[PDB]
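Here is what each chain is made of, one letter per residue.
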Amino acid sequence: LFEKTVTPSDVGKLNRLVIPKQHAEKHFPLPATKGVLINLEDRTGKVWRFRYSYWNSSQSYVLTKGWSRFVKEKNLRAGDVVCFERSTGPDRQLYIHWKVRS
Amino acid sequence: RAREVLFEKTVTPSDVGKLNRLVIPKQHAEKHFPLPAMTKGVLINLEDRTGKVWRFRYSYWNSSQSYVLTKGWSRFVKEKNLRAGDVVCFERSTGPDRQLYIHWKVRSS
DNA sequence: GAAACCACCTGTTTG
DNA sequence: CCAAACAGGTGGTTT
């Protein structure tokens, strides 16, 4: 469960979303590379597959593959908010949803 | 001297610019720095007149078909305040280590 | 070919 | 103050 106000770069041709490292280390641990594949679900019940990775050059956690399709379907914009949630029960499943400028 | 100067270039304004890269003339590039022979790219260690050793990455950018120095060039430019129209002279010592050497000269515009 | 993807790089900003 | 983090970039490769 963490939320980010998305930057212009987040929703542009850079095809990447930067996760703040506090939240990345707290809620999404990485094996310690090419990275892992992560499955989330939106309110429509569609399940999105993203690639979660670490860039050691910039020391930053980023979603790359699959983020742009999310941006385009949801018509994300700079200033909107993206909220990551997890299952209440043992299903262990992650959910993604988006609100707009509080 | 103990040093042999290899080549020099009067820096374009983009060499000191936000592009953070020094275009190296292909004529002068294939001559002393052959990239297939590794002189992806390679890291080169060049020492200045102040004694500071500077590490740059030397590669060939197919997009511009340019031989270029790219990583650390901005630091050199910022510390030396390299400006468009100044000159960069690359040199090599005739020693067993054959160390490479760099420093800049003055001239306007 | 175009768009996305990939692994690097850096200048500002800031606790 | 300054190392860290990150918003904004690059060239090259795969889809």
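**Concerning the protein's contact with DNA strand D**
And then number 1: Contacts to DNA strand D come from 15 residues, most closely from A:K4, A:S9, A:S58, B:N62 and B:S63.
And then number 2: Expressed as a percentage, the sugar and phosphate content of the atoms of DNA strand D within 4 Å of the protein is 74%.
And then number 3: B:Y60 places a main-chain nitrogen or oxygen 3.2 Å from a phosphate oxygen of DNA strand D.
And then number 4: Its residues placed into classes, the surface near DNA strand D shows 6 nonpolar, 6 polar and 3 charged.

**With respect to helix 2 (residues 67–74) of chain A**
Residues and elements named next belong to chain A.
And then number 1: Buried within helix 2 are the following residues: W67, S68, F70, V71 and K74. An end-on view of helix 2 places all buried positions within 160 degrees of arc, on one side of the element. Exposed positions of helix 2 whose direction lies more than 90 degrees from the buried face are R69, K72 and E73.
And then number 2: With its phi angle positive at about 50 degrees, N75 sits one or two positions after the end of helix 2.

**What about the pairing of strand 5 (residues 66–69) of chain B?**
Residue and element names in this part refer to chain B.
And then number 1: Burial along strand 5 is two-sided: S66 and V68 facing one way and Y67 and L69 facing the other are all buried.
And then number 2: Here 3 bridges tie strand 2 (residues 22–24) to strand 5, and the two strands are oriented antiparallel to one another. The residue of strand 5 that forms the bridge with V23 is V68.
And then number 3: In terms of strand pairing, strand 4 (residues 53–61) meets strand 5 through 4 bridges, oriented antiparallel. The residue of strand 5 that forms the bridge with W61 is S66.
And then number 4: Taken together, strand 4 and the strand that follows it, strand 5, pair antiparallel across an intervening segment of 4 residues, in which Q65 is found at a positive phi of about 45 degrees.

**As for the nonpolar core**
And then number 1: The biggest cluster of nonpolar side chains holds 23 residues, and the ones touching the most others in it are B:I24, B:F56, B:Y58, B:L69, B:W73, B:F90 and B:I102.
And then number 2: For this core, the elements supplying multiple residues, two or more each, are strand 1 (3–10), strand 2, strand 3 (42–47), strand 4, strand 5, helix 2 (73–80), strand 6 (87–93) and strand 7 (100–105) of chain B.
And then number 3: The residues touching B:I24, leaving out its near neighbours within four places in the chain, are B:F7, B:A29, B:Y58, B:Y67 and B:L69.
And then number 4: Residues A:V6, A:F50, A:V71 and A:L76 belong to the second largest nonpolar core, which totals 21 residues.

**Thoughts on unusual backbone geometry**
Residue and element names in this part refer to chain A.
And then number 1: Non-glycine residue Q59 carries a positive phi angle of around 45 degrees.
And then number 2: Here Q59 is to be found in the loop between strand 4 (47–55) and strand 5 (60–63).
And then number 3: The class of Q59 is partly exposed, set by a relative accessible area of 43%.
And then number 4: Look at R92: it is not a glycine, yet its phi comes out positive at around 65 degrees.

**Looking at the side chain of B:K9**
Residue and element names in this part refer to chain B.
And then number 1: Considering the arrangement of structural elements, one finds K9 in strand 1.
And then number 2: Exposure remark for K9: the relative accessible area of 16% places this residue in the buried category.
And then number 3: At 2.6 Å, the side chain of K9 forms a polar contact with the side chain of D15.
And then number 4: What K9 contacts, discounting residues up to four positions off in sequence, is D15, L22, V23, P25, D86, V87 and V88.

**Some details on the protein's contact with DNA strand C**
And then number 1: Taken together, 20 residues are adjacent to DNA strand C, and A:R51, A:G66, B:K71, B:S74 and B:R75 come closest.
And then number 2: Counting only the atoms of DNA strand C that lie within 4 Å of the protein, the sugar and phosphate share comes to 73%.
And then number 3: In this structure, a phosphate oxygen belonging to DNA strand C sits 3.0 Å away from a side-chain N or O atom of B:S74.
And then number 4: Here a phosphate oxygen of DNA strand C and a side-chain polar atom of B:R75 are 3.0 Å apart.
And then number 5: Mapped onto the surface near DNA strand C, the elements with two or more residues apiece are strand 4 and helix 2 of chain A together with helix 2 of chain B.
And then number 6: It is helix 2 of chain A that contributes the most residues to the surface near DNA strand C, 3 residues altogether.

Cut-offs applied
- Residues numbered from 1 in each chain as written, not as in the entry; some residues may be left out.
- Chains lettered and ligands numbered in written order.
- Heavy atoms only, no water.
- Near = heavy atom within 4 Å.
- Polar contact = N/O pair within 3.5 Å; in protein donor to acceptor, adjacent residues only side chain to side chain.
- Nonpolar A, V, L, I, M, F, W, Y, C, P; charged D, E, K, R; others polar.
- Buried < 20%, exposed > 50% of the residue type's maximum accessible area, 1.4 Å probe, protein only.
- Helix = DSSP H or I, 4+ residues; strand = E, 2+ residues; numbered from the N terminus.
- Arc of directions from axis to C-beta.
- Pairing = 2+ DSSP bridges.
- Core = buried A, V, L, I, M, F, W, Y, C linked by side-chain atoms within 4.5 Å.
- Contact = heavy atoms within 4.5 Å.

Purely geometric stuff here, so don't read any function into it on its own.
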